[PDB]
Amino acid sequence: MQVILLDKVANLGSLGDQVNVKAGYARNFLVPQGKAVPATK
Amino acid sequence: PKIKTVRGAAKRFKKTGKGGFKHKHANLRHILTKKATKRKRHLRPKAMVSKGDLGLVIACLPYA
Amino acid sequence: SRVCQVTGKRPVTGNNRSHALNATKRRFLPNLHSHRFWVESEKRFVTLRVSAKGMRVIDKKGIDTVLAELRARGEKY
RNA sequence: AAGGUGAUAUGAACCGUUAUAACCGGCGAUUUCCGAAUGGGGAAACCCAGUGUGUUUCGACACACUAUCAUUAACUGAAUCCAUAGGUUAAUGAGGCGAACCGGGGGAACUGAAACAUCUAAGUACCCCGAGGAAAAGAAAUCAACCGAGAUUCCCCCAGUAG
RNA sequence: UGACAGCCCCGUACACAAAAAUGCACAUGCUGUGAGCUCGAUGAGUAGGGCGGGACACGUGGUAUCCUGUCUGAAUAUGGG
RNA sequence: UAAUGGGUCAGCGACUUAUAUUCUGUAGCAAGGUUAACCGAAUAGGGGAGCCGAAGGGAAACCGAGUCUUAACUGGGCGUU
RNA sequence: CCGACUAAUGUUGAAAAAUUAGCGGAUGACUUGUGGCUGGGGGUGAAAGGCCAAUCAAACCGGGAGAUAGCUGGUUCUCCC
RNA sequence: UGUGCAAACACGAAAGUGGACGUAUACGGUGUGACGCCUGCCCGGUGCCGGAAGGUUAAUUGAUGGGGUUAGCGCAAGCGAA
RNA sequence: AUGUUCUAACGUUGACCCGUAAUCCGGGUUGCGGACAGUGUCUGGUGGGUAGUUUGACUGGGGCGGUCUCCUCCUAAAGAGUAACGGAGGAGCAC
RNA sequence: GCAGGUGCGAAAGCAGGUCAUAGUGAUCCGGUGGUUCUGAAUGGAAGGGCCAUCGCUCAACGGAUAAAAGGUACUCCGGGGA
Ligand SMILES: [Mg+2]
Ligand SMILES: [Mg+2]
Ligand SMILES: [Mg+2]
Ligand SMILES: [Mg+2]
Ligand SMILES: [Mg+2]
Ligand SMILES: [Mg+2]
Ligand SMILES: [Mg+2]
Ligand SMILES: [Mg+2]
Ligand SMILES: [Mg+2]
Ligand SMILES: [Mg+2]
Ligand SMILES: [Mg+2]
Ligand SMILES: [Mg+2]
Ligand SMILES: [Mg+2]
Ligand SMILES: [Mg+2]
Ligand SMILES: [Mg+2]
Ligand SMILES: [Mg+2]
Ligand SMILES: [Mg+2]
Ligand SMILES: [Mg+2]
Ligand SMILES: [Mg+2]
Ligand SMILES: [Mg+2]
Ligand SMILES: [Mg+2]
Ligand SMILES: [Mg+2]
Ligand SMILES: [Mg+2]
Ligand SMILES: [Mg+2]
Ligand SMILES: [Mg+2]
Ligand SMILES: [Mg+2]
Ligand SMILES: [Mg+2]
Ligand SMILES: [Mg+2]
Ligand SMILES: [Mg+2]
Ligand SMILES: [Mg+2]
Ligand SMILES: [Mg+2]
Ligand SMILES: [Mg+2]
Ligand SMILES: [Mg+2]
Ligand SMILES: [Mg+2]
Ligand SMILES: [Mg+2]
Ligand SMILES: [Mg+2]
Ligand SMILES: [Mg+2]
Ligand SMILES: [Mg+2]
Ligand SMILES: [Mg+2]
Ligand SMILES: [Mg+2]
Ligand SMILES: [Mg+2]
């Protein structure tokens with residue numbers, strides 16, 4: 001899953017960075033914790 | 001309803017000019033090394049259905 | 001019922017086939033799981049009974065679009 | 001319209017003959033109780049209510065309302081700060097029945113194969129859901145064969161042919 | 001109709017008839033749905049694939065095509081069936 | 001026959017029907033015959049889409065009163081009168 | 001009161017399981033009234049394939065249904081070759 | 001002999017329910033059948049229990065080889081990338 | 001890949017709160033498990049627990065025994081053919 | 001006996017297995033080689049055909065399936081004095 005970090009995440013990257021995470025990581029943590037948003041734009 | 005052709009019969013008999021039926025000879029499918037060349041040669045051409053069997057063949061092929 | 005709330009996938013029927021081609025009736029069930037979906041726009045978790053395929057659909061379309069489809073369909077959640 | 005008060009079915013007591021006798025048609029009125037049955041319950045045709053009104057001669061009495069679900073509103077209103085869930089009220093609709101035809105969800109076996117398992121019977125019988133006066137289908141990501149056709153549906157052929 | 005009726009009776013051919021309700025078909029009034037027109041747009045967890053089934057006259061066969069329970073997964077008109 | 005069935009009577013009780021196919025008879029037409037659905041008020045008329053027949057041989061391409069077999073028949077099979 | 005070991009009778013019975021003389025249990029793993037629950041490859045069974053409405057090695061009713069029956073029975077007027 | 005409790009097990013496409021508002025001195029299954037004296041040898045067969053080195057082995061994955069097609073090389077035969 | 005740690009999916013037939021007048025359910029708070037368990041699709045094993053079926057014929061009745069195709073002789077009545085669970089032998093190759 | 005090609009013989013001639021009579025298995029489904037005969041728009045190809053050939057103690061040997069043993073005294077039906 002390609003996401004857009006809404007903040008700095010350890011091994012992931014920095015705010016703005018668009019990265020590919022396992023769909024589970026994004027759906028059950030990054031997104032519900034405001035730490036990222038899906039790369040649709 | 002229409003009579004149904006016996007399909008397996010249609011794959012083994014063809015009607016000739018005077019109403020008889022031609023067929024391929026049996027015994028030329030496999031084990032053939034032991035069979036004499038003369039015997040296999042005489043099995044190659046098609047043959048006519050015999051009088052005894054014409055009734056059976058005709059019953060199987062209403063639309064021939 | 002064993003119905004995906006997103007896609008409408010439900011059990012369907014078919015045959016087991018043995019090597020001897022004996023046919024016996026069988027069912028194919030959807031890969032259903034009850035999942036808590038975060039709705040950022042509503043600041044709420046919404047639980048849906050969804051197939052894995054419907055999970056992928058929610059990933060592709062966003063939870064808001066799918067919930068709107070469910071509302072338009074009369075499907076309560 | 002000169003007759004008439006349905007039948008077994010007489011009788012009785014009456015109605016009527018120039019037009020409110022009867023009879024026939026349209027539109028209306030009345031339409032107990034049970035039954036979806038819907039105020040609650042129930043061993044159908046019964047038992048027992050709550051609210052309003054109105055009446056009482058003070059004993060009482062009459063009438064209307066009150067099921068459930070869906071949707072839409074208004075008000076309200078947790079855990080929990082907003083809120084939501086929830087609660088109540090009102091509006092609108094549904095419910096049940098019905099012979100066949102129709103679409104869909106499921107779906108046999110006897111039987112035939114001269115036994116039997118693939119195959120057959122047959123997507124038939126049956127169960128279930130839903131609709132309409134018909135339903136379904138339908139305006140080519142279709143065929144054709146280098147020529148062309150031009151949505152769907154139904155009939156006759158093609159053909160018991162190609163497979 | 002006391003036996004078999006054109007002329008006995010009721011009909012029949014034919015010719016007529018509605019206060020009221022109602023079917024349909026016309027017609028033009030209220031009314032909402034909005035015609036023609038240029039530019040533009042052209043249906044994605046989809047087509048397709050792997051696995052299991054089912055449907056196609058077609059039993060997996062050398063088996064196209066359709067549907068999809070499961071896992072995937074494009075082009076998008078210069079593109080696609 | 002000491003094998004079966006019937007106590008008796010009356011009434012009922014078992015080779016049909018639809019479609020396809022072949023043969024016989026009969027009728028029509030004849031190298032031709034005949035239409036289906038449908039149209040039509042039409043048992044008429046229209047409708048020849050088709051089907052069967054006048055050519056066969058060969059698995060087939062193909063050839064054709066021939067053709068197939070085979071390198072080829074003195075030939076042989078099926079056909080032609 | 002609950003049973004049912006023996007015999008006789010009865011056996012188109014008084015009765016589709018009884019009567020008569022005897023017989024066993026009789027404060028218990030007893031017996032009985034009312035109501036309830038378990039449903040057919042299913043129930044229930046101190047187990048006999050017992051019982052599940054006089055029906056049980058798969059209840060009954062309706063349907064598939066005119067299953068199938070290489071078996072048995074039966075198959076109706078006359079005469080001629 | 002099974003069963004550590006959301007028990008084993010049973011009814012049930014499931015939710016659940018019985019087991020049990022019980023908890024190994026409990027509960028299910030199996031055989032034996034008061035009591036007395038007892039219950040011997042065999043683990044090769046079948047089952048069950050344990051093991052896990054080595055052989056064999058599913059779906060899955062798709063290295064490698066072969067073929068069909070054809071841009072082109074060719075005059076033809078042919079060869080032949082993606 | 002295989003360990004270990006983690007929490008956020010998922011489980012909870014732990015606790016407490018609310019809907020609520022409720023040992024259902026749902027929502028909240030929290031603890032304990034935790035990417036396991038469980039479920040879907042596919043797949044190997046096991047599977048009389050259940051189902052559909054098969055289990056030949058001849059035969060001095062059936063069964064048990066024997067036999068089942070082919071060759072030679074005799075029965076076979078001087079052409080051919082000719083039966084018995086009649087009388088005697090062989091083949092399913094070799095080169 | 002005819003056509004083609006062949007061996008032995010000087011030649012006439014003989015030779016299409018063996019002194020003869022057993023030594024065997026239909027069809028289907030497929031495998032291998034050859035052969036443009038066919039090739040679902042067309043060119044190919046796949047598949048099919050044709051010729052040669054291979055795979056059955058189908059031995060119950062005209063072979064019913066690719067694939068099959070028992071019990072019934074719990075029994076049941078249709079039949080036979082065959
Ligand atoms: Mg061959
Ligand atoms: Mg009621
Ligand atoms: Mg009521
Ligand atoms: Mg009450
Ligand atoms: Mg049969
Ligand atoms: Mg319509
Ligand atoms: Mg008279
Ligand atoms: Mg489009
Ligand atoms: Mg697909
Ligand atoms: Mg495909
Ligand atoms: Mg497609
Ligand atoms: Mg006598
Ligand atoms: Mg007699
Ligand atoms: Mg008698
Ligand atoms: Mg011809
Ligand atoms: Mg008793
Ligand atoms: Mg007594
Ligand atoms: Mg005593
Ligand atoms: Mg006593
Ligand atoms: Mg017994
Ligand atoms: Mg009884
Ligand atoms: Mg049974
Ligand atoms: Mg039937
Ligand atoms: Mg019958
Ligand atoms: Mg429990
Ligand atoms: Mg004992
Ligand atoms: Mg069995
Ligand atoms: Mg059967
Ligand atoms: Mg026998
Ligand atoms: Mg004997
Ligand atoms: Mg002789
Ligand atoms: Mg003689
Ligand atoms: Mg004789
Ligand atoms: Mg010799
Ligand atoms: Mg010899
Ligand atoms: Mg082509
Ligand atoms: Mg035989
Ligand atoms: Mg046989
Ligand atoms: Mg009997
Ligand atoms: Mg007899
Ligand atoms: Mg006798």
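The analysis underlying the following values was restricted to heavy atoms, covering all of them including side chains, and did not include hydrogens, waters or symmetry mates. Just so it is clear: chains get the letters A, B, ... in the order the sequence lines come, proteins before strands, and each one is counted from 1.
- The six-membered or imidazole ring of C/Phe37 lies near that of C/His35, with a centre-to-centre distance under 6.0 Å.
- A positive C1'-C2'-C3'-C4' dihedral is found for the sugar of J/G63, placing it in the north range.
- Look at the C1' atom in both D/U120 and D/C101: the space between them is 30 Å, to the nearest Å.
- Nucleic acid contact class of B/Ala26 (heavy atoms, under 4.0 Å, all strands): sugar-phosphate only.
- Counted by atom type alone, B/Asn27 and B/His25 present zero donor-acceptor pairs between their side chains at under 3.5 Å.
- The side-chain ring of C/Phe28 is not stacked on the base of E/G69, judged by centre separation under 5.5 angstrom and plane angle under 30 degrees.
- Stacking status of I/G61 with I/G62: stacked, per the base-ring test of centres under 5.5 Å and planes under 30°.
- Note that C/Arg26 lies in the cation-pi zone of C/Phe28, set by a 6.0 Å cut-off to the ring centre and a 45° limit from the axis.
- From the dihedral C1'-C2'-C3'-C4', which is positive here, one reads the pucker of G/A21 as north, toward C3'-endo.
- F/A31 has a negative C1'-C2'-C3'-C4' torsion, placing its sugar in the south range.
- Residue C/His35 is in sugar-phosphate contact alone, with no base atom involved, counting any heavy-atom pair closer than 4.0 Å across all strands shown.
- The residue C/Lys25 sits close to a base: some heavy atom pair falls under 4.0 Å.
- Nearest-nucleotide assignment on RNA chain E puts the 5′-proximal partner with C/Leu21, out of C/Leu21 and C/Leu29.
- Donor-acceptor pairing under 3.5 Å is recorded for the side chains of B/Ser50 and B/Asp53.
- Partner assigned to I/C70 is I/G90, using Watson-Crick or G-U wobble distances below 3.5 angstrom.
- Under the rule of centres below 5.5 angstrom and planes below 30 degrees, the bases of G/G49 and G/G50 are not stacked.
- The pentose of G/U76 is categorized as south (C2'-endo side) on the basis of a negative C1'-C2'-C3'-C4' torsion.
- A single hydrophobic cluster is not seen to contain both B/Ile3 and B/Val57; linkage of ILVMFWY side chains at heavy-atom distances under 4.5 Å, directly or through other members, places them apart.
- Remark: D/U5 base-pairs with D/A13. Criterion, Watson-Crick or G-U wobble with two distances under 3.5 Å.
- A Watson-Crick or G-U wobble pair does not link I/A51 to I/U30 when both relevant atom distances must lie under 3.5 Å.
- Contact check, C/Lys60 against E/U46: no side-chain N or O comes under 4.0 Å of OP1 or OP2.
- Within the nucleic acid shown, B/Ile31 comes within 4.0 Å of sugar-phosphate atoms alone, with no base atom in reach, counting heavy atoms only.
- The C1'-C2'-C3'-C4' torsion of E/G53 is positive, so its sugar falls on the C3'-endo, or north, side.
- A Watson-Crick or G-U wobble pair joins F/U69 and F/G75, with the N1-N3 or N1-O2 distance and the second distance both under 3.5 Å.
- Remark: the separation of the P atoms in I/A57 and J/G71 is 14 Å, to the nearest Å.
- The side chain of C/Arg2 contributes no N or O atom lying less than 4.0 Å from OP1 or OP2 of H/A13.
- Contact annotation for C/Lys53: base contact, defined as any heavy-atom pair under 4.0 Å involving a base atom.
- If you check E/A55 for Watson-Crick or wobble pairing at under 3.5 angstrom, you find it paired to E/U65.
- Anti is the conformation of F/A27, whose glycosidic angle sits further than 90° from 0.
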